[PDB]
Amino acid sequence: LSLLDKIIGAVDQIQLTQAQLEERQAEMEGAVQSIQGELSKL
Amino acid sequence: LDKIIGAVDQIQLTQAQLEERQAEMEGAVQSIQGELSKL
Amino acid sequence: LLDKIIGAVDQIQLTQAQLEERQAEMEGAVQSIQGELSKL
Amino acid sequence: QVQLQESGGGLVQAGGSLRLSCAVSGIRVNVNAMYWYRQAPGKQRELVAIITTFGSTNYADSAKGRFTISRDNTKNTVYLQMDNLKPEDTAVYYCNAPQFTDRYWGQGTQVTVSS
Amino acid sequence: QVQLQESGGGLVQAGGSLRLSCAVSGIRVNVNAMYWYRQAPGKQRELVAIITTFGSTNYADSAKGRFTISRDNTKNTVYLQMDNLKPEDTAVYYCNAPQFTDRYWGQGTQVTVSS
Amino acid sequence: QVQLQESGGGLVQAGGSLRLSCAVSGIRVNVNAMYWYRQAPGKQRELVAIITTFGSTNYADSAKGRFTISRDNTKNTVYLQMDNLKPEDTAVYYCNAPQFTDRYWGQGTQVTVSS
């Protein structure tokens with residue numbers, strides 16, 4: 001297992017993790033907007 | 001290679017911190033959602 | 001291969017700063033809601 | 001600038017298949033992770049599939065084994081193969097890189113699935 | 001699949017020490033950052049410690065210098081040394097990689113600390 | 001420890017320019033992405049600019065082409081050039097690395113812009 005193999009696998013882990021963190025943010029941003037709409041309605 | 005390694009290391013540390021912040025905030029949002037949904 | 005690694009790293013660092021900014025924006029919004037639900 | 005030219009959508013029957021294309025300029029797809037999204041009318045944009053720089057893939061739960069993301073490095077083009085389509089997949093599909101989702105979106109390609 | 005086999009928990013006195021182990025299959029611990037979590041009854045899962053691919057570590061504030069995460073690359077195993085344990089550390093402890101926390105969790109190892 | 005020594009602030013007229021400096025010790029600025037933040041009185045800390053390990057840059061919308069982040073690798077120092085300053089830029093400006101923002105902040109450098 002070379003140093004380059006380690007770097008590649010770290011990078012791969014990171015890109016996979018970033019997409020999941022983004023998805024979680026999008027799910028939560030929808031939830032906050034739903035709460036904001038509930039508190040803002042007439 | 002030293003630069004790549006140090007960039008990668010910074011990134012993995014940052015991802016764990018961003019995750020922890022999300023979990024803390026996800027708890028806060030769930031607490032608010034429960035407040036607004038209770039009978 | 002090194003160009004691929006570098007460009008991947010660069011993409012990642014840019015994305016991390018944006019994800020942080022989104023979190024900070026949302027943390028203010030949640031705190032604003034929390035203040036609304038906690039006020040006297 | 002980054003250019004995103006989505007194509008390959010259309011009208012398809014349920015159980016049918018599509019292959020979407022996004023021709024990219026201004027960044028290399030073999031250097032950057034690339035994402036496909038979809039947006040149904042009046043709903044939030046949903047992440048559908050991702051391919052990393054070194055070729056790992058992941059899919060939204062709604063894909064459930066039906067979608068395959070791939071790329072051609074020479075054509076600098078990202079593909080989404082979509083099998084066994086369902087009416088619930090009707091949406092505009094968009095390709096992007098994560099660093100530009102705050103910045104620019106292409107026109108997308110309309111996919112309409114009918115029974 | 002990825003396998004996570006947690007061990008090393010048990011019943012320990014306050015001020016005591018434990019060393020948890022997680023034996024991993026299907027990914028290399030010297031290529032991937034690895035995380036330890038804990039979950040007390042009825043509470044949210046808490047991140048406890050992380051070790052990066054190149055061996056940097058970070059700890060939750062609740063660890064406050066008592067815990068040490070490490071790994072053995074040959075055994076493909078991650079360890080959590082926990083010193084000066086307190087009743088508040090009672091929880092189920094889980095090891096995972098960040099890309100799989102949405103996907104799979106092992107059985108964990110029960111840690112109970114009594115005075 | 002990491003040391004952050006911000007300088008280059010002061011009192012400046014609208015339309016004027018500043019060049020902030022942060023002298024860093026304990027991490028290499030040519031290895032780590034580095035961030036500039038600002039905080040106006042009673043407001044939340046706002047990210048202003050970032051420079052990646054390999055020298056790519058991005059700016060907050062409030063910068064709108066006025067700010068330029070750069071570094072000197074030998075002096076291990078990060079700079080923020082600020083042109084066409086406006087009263088709304090009055091804040092304390094801080095430099096940090098993303099992995100330490102939960103951990104330590106320097107004193108910052110006060111920037112005050114008057115008409």
# chains A, B, ... in the order shown; residues from 1 in each chain; ligands from 1
call {"tool": "calpha_fit_and_write", "arguments": {"fixed": "chain F", "moving": "chain D", "output": "PDB file with C-alpha atoms, in the first residue's frame"}}
result
ATOM      1  CA  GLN D   1       0.044  26.333  19.941  1.00  0.00           C
ATOM      2  CA  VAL D   2      -1.124  28.210  16.865  1.00  0.00           C
ATOM      3  CA  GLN D   3      -0.456  31.950  17.010  1.00  0.00           C
ATOM      4  CA  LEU D   4      -2.466  34.511  15.056  1.00  0.00           C
ATOM      5  CA  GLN D   5      -1.223  38.087  15.046  1.00  0.00           C
ATOM      6  CA  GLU D   6      -3.520  40.297  12.992  1.00  0.00           C
ATOM      7  CA  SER D   7      -2.348  43.747  11.918  1.00  0.00           C
ATOM      8  CA  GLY D   8      -2.833  46.460   9.285  1.00  0.00           C
ATOM      9  CA  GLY D   9      -6.166  47.871  10.436  1.00  0.00           C
ATOM     10  CA  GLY D  10      -6.864  51.430  11.378  1.00  0.00           C
ATOM     11  CA  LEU D  11      -9.009  54.414  10.494  1.00  0.00           C
ATOM     12  CA  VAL D  12      -9.566  54.903   6.775  1.00  0.00           C
ATOM     13  CA  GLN D  13     -11.758  57.104   4.600  1.00  0.00           C
ATOM     14  CA  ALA D  14     -14.494  55.694   2.396  1.00  0.00           C
ATOM     15  CA  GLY D  15     -13.065  54.744  -0.984  1.00  0.00           C
ATOM     16  CA  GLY D  16      -9.742  54.074   0.732  1.00  0.00           C
ATOM     17  CA  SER D  17      -7.703  50.892   0.857  1.00  0.00           C
ATOM     18  CA  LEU D  18      -6.119  48.705   3.559  1.00  0.00           C
ATOM     19  CA  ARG D  19      -3.786  45.699   3.570  1.00  0.00           C
ATOM     20  CA  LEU D  20      -4.284  43.391   6.541  1.00  0.00           C
ATOM     21  CA  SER D  21      -1.592  40.941   7.675  1.00  0.00           C
ATOM     22  CA  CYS D  22      -1.818  37.826   9.825  1.00  0.00           C
ATOM     23  CA  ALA D  23       1.530  36.413  10.931  1.00  0.00           C
ATOM     24  CA  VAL D  24       1.023  32.714  11.657  1.00  0.00           C
ATOM     25  CA  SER D  25       3.071  30.315  13.777  1.00  0.00           C
ATOM     26  CA  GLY D  26       2.595  26.604  14.379  1.00  0.00           C
ATOM     27  CA  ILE D  27       1.046  25.780  10.981  1.00  0.00           C
ATOM     28  CA  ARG D  28       2.286  26.385   7.415  1.00  0.00           C
ATOM     29  CA  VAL D  29       0.148  28.702   5.275  1.00  0.00           C
ATOM     30  CA  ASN D  30       1.370  26.973   2.096  1.00  0.00           C
ATOM     31  CA  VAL D  31       0.009  23.695   3.448  1.00  0.00           C
ATOM     32  CA  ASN D  32      -3.300  24.882   4.973  1.00  0.00           C
ATOM     33  CA  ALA D  33      -6.270  26.734   3.586  1.00  0.00           C
ATOM     34  CA  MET D  34      -6.588  30.023   5.476  1.00  0.00           C
ATOM     35  CA  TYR D  35      -9.704  32.140   6.135  1.00  0.00           C
ATOM     36  CA  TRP D  36     -10.400  35.793   6.946  1.00  0.00           C
ATOM     37  CA  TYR D  37     -13.464  36.696   9.020  1.00  0.00           C
ATOM     38  CA  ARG D  38     -14.990  39.913  10.276  1.00  0.00           C
ATOM     39  CA  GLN D  39     -17.282  40.755  13.196  1.00  0.00           C
ATOM     40  CA  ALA D  40     -19.211  43.999  13.527  1.00  0.00           C
ATOM     41  CA  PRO D  41     -20.412  44.993  17.015  1.00  0.00           C
ATOM     42  CA  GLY D  42     -23.252  42.781  18.210  1.00  0.00           C
ATOM     43  CA  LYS D  43     -23.369  40.830  14.930  1.00  0.00           C
ATOM     44  CA  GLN D  44     -22.365  37.301  14.029  1.00  0.00           C
ATOM     45  CA  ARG D  45     -18.915  36.554  12.647  1.00  0.00           C
ATOM     46  CA  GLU D  46     -18.981  36.652   8.848  1.00  0.00           C
ATOM     47  CA  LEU D  47     -16.625  34.773   6.549  1.00  0.00           C
ATOM     48  CA  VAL D  48     -14.985  37.253   4.172  1.00  0.00           C
ATOM     49  CA  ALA D  49     -12.372  35.434   2.069  1.00  0.00           C
ATOM     50  CA  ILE D  50     -10.605  32.083   1.753  1.00  0.00           C
ATOM     51  CA  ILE D  51      -7.398  30.895   0.069  1.00  0.00           C
ATOM     52  CA  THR D  52      -6.853  27.162  -0.452  1.00  0.00           C
ATOM     53  CA  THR D  53      -3.629  25.193  -0.078  1.00  0.00           C
ATOM     54  CA  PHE D  54      -3.086  25.384  -3.857  1.00  0.00           C
ATOM     55  CA  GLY D  55      -4.045  29.042  -4.115  1.00  0.00           C
ATOM     56  CA  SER D  56      -7.681  29.140  -5.231  1.00  0.00           C
ATOM     57  CA  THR D  57      -9.710  31.982  -3.708  1.00  0.00           C
ATOM     58  CA  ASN D  58     -13.337  32.783  -2.928  1.00  0.00           C
ATOM     59  CA  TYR D  59     -15.050  35.815  -1.426  1.00  0.00           C
ATOM     60  CA  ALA D  60     -18.258  36.583   0.398  1.00  0.00           C
ATOM     61  CA  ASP D  61     -20.846  38.453  -1.617  1.00  0.00           C
ATOM     62  CA  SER D  62     -20.189  41.518   0.537  1.00  0.00           C
ATOM     63  CA  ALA D  63     -16.636  41.623  -0.866  1.00  0.00           C
ATOM     64  CA  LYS D  64     -17.963  42.006  -4.439  1.00  0.00           C
ATOM     65  CA  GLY D  65     -14.579  42.185  -6.148  1.00  0.00           C
ATOM     66  CA  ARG D  66     -12.995  44.667  -3.725  1.00  0.00           C
ATOM     67  CA  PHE D  67     -10.959  42.255  -1.576  1.00  0.00           C
ATOM     68  CA  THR D  68      -7.924  40.177  -2.543  1.00  0.00           C
ATOM     69  CA  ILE D  69      -6.541  37.447  -0.306  1.00  0.00           C
ATOM     70  CA  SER D  70      -2.929  36.362  -0.819  1.00  0.00           C
ATOM     71  CA  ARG D  71      -0.050  34.932   1.200  1.00  0.00           C
ATOM     72  CA  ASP D  72       3.716  34.980   1.581  1.00  0.00           C
ATOM     73  CA  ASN D  73       4.940  31.437   2.174  1.00  0.00           C
ATOM     74  CA  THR D  74       8.361  32.530   3.475  1.00  0.00           C
ATOM     75  CA  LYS D  75       6.911  34.978   6.017  1.00  0.00           C
ATOM     76  CA  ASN D  76       4.124  32.514   6.807  1.00  0.00           C
ATOM     77  CA  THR D  77       1.752  35.469   6.564  1.00  0.00           C
ATOM     78  CA  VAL D  78      -1.719  35.861   5.048  1.00  0.00           C
ATOM     79  CA  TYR D  79      -2.870  39.176   3.580  1.00  0.00           C
ATOM     80  CA  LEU D  80      -6.220  40.757   2.797  1.00  0.00           C
ATOM     81  CA  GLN D  81      -6.097  43.697   0.408  1.00  0.00           C
ATOM     82  CA  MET D  82      -9.302  45.750   0.735  1.00  0.00           C
ATOM     83  CA  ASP D  83     -10.105  48.412  -1.889  1.00  0.00           C
ATOM     84  CA  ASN D  84     -12.945  50.962  -2.142  1.00  0.00           C
ATOM     85  CA  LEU D  85     -13.882  50.555   1.505  1.00  0.00           C
ATOM     86  CA  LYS D  86     -17.351  51.535   2.741  1.00  0.00           C
ATOM     87  CA  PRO D  87     -18.713  52.377   6.209  1.00  0.00           C
ATOM     88  CA  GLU D  88     -20.480  48.987   6.269  1.00  0.00           C
ATOM     89  CA  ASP D  89     -17.058  47.247   6.343  1.00  0.00           C
ATOM     90  CA  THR D  90     -16.330  48.569   9.872  1.00  0.00           C
ATOM     91  CA  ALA D  91     -15.605  45.475  11.970  1.00  0.00           C
ATOM     92  CA  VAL D  92     -12.864  43.538  13.741  1.00  0.00           C
ATOM     93  CA  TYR D  93     -11.107  41.305  11.207  1.00  0.00           C
ATOM     94  CA  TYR D  94      -9.713  37.937  12.275  1.00  0.00           C
ATOM     95  CA  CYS D  95      -7.582  35.353  10.555  1.00  0.00           C
ATOM     96  CA  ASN D  96      -7.978  31.647  11.284  1.00  0.00           C
ATOM     97  CA  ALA D  97      -7.689  28.117   9.870  1.00  0.00           C
ATOM     98  CA  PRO D  98     -10.995  26.184   9.636  1.00  0.00           C
ATOM     99  CA  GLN D  99      -9.795  23.462  11.998  1.00  0.00           C
ATOM    100  CA  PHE D 100      -9.210  25.965  14.822  1.00  0.00           C
ATOM    101  CA  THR D 101     -12.297  28.187  14.691  1.00  0.00           C
ATOM    102  CA  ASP D 102     -13.823  26.098  17.496  1.00  0.00           C
ATOM    103  CA  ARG D 103     -10.574  26.441  19.450  1.00  0.00           C
ATOM    104  CA  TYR D 104      -8.715  29.767  19.268  1.00  0.00           C
ATOM    105  CA  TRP D 105      -9.105  33.293  17.898  1.00  0.00           C
ATOM    106  CA  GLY D 106      -6.514  36.039  17.755  1.00  0.00           C
ATOM    107  CA  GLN D 107      -7.207  39.570  18.899  1.00  0.00           C
ATOM    108  CA  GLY D 108      -8.194  40.637  15.384  1.00  0.00           C
ATOM    109  CA  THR D 109      -7.401  44.050  13.863  1.00  0.00           C
ATOM    110  CA  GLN D 110      -9.919  46.884  14.134  1.00  0.00           C
ATOM    111  CA  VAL D 111     -10.967  48.487  10.852  1.00  0.00           C
ATOM    112  CA  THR D 112     -13.048  51.661  11.097  1.00  0.00           C
ATOM    113  CA  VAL D 113     -14.230  53.301   7.856  1.00  0.00           C
ATOM    114  CA  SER D 114     -15.704  56.814   7.992  1.00  0.00           C
ATOM    115  CA  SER D 115     -17.310  58.964   5.284  1.00  0.00           C
TER     116      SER D 115
END
call {"tool": "select_by_dssp", "arguments": {"residues": "range 9-91 of chain E", "states": "strand (DSSP E)", "output": "PyMOL selection string"}}
result
chain E and resi 10-13+18-25+34-39+46-51+57-59+67-72+77-82+91
call {"tool": "residues_around", "arguments": {"residues": "residue 8 in chain B", "least_positions_apart": "5", "cutoff": "8 Å", "atoms": "only C-alpha atoms", "output": "PDB file with N, CA, C and O atoms, in the first residue's frame"}}
result
ATOM      1  N   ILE A   7      -3.425   8.476   0.072  1.00  0.00           N
ATOM      2  CA  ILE A   7      -3.967   9.784  -0.268  1.00  0.00           C
ATOM      3  C   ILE A   7      -5.239   9.636  -1.084  1.00  0.00           C
ATOM      4  O   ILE A   7      -6.260  10.269  -0.798  1.00  0.00           O
ATOM      5  N   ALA A  10      -8.078   8.553   1.137  1.00  0.00           N
ATOM      6  CA  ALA A  10      -8.544   9.629   1.995  1.00  0.00           C
ATOM      7  C   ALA A  10      -9.410  10.595   1.211  1.00  0.00           C
ATOM      8  O   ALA A  10     -10.541  10.891   1.609  1.00  0.00           O
ATOM      9  N   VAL A  11      -8.931  11.005   0.037  1.00  0.00           N
ATOM     10  CA  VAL A  11      -9.692  11.903  -0.824  1.00  0.00           C
ATOM     11  C   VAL A  11     -11.039  11.309  -1.163  1.00  0.00           C
ATOM     12  O   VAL A  11     -12.074  11.975  -1.049  1.00  0.00           O
TER      13      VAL A  11
ATOM     14  N   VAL C   9      -8.417  17.909  -4.034  1.00  0.00           N
ATOM     15  CA  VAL C   9      -8.202  18.643  -2.793  1.00  0.00           C
ATOM     16  C   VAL C   9      -8.737  20.059  -2.892  1.00  0.00           C
ATOM     17  O   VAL C   9      -9.365  20.573  -1.957  1.00  0.00           O
TER      18      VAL C   9
END
call {"tool": "residues_around", "arguments": {"residues": "residue 32 in chain A", "least_positions_apart": "4", "cutoff": "10 Å", "atoms": "only C-alpha atoms", "output": "number ranges by chain"}}
result
A: 26-28, 36-38; B: 29, 32-33; C: 26, 29-30, 33
call {"tool": "atom_distance", "arguments": {"atom1": "CA of residue 6 in chain A", "atom2": "CA of residue 10 in chain B"}}
result
15.3 Å
call {"tool": "interface_residues", "arguments": {"of": "chain B", "to": "chain A", "cutoff": "10 Å", "atoms": "only C-alpha atoms", "output": "ChimeraX atom specification"}}
result
/B:1,4-5,8-9,11-12,15-16,18-19,22-23,25-26,29-30,32-33,36
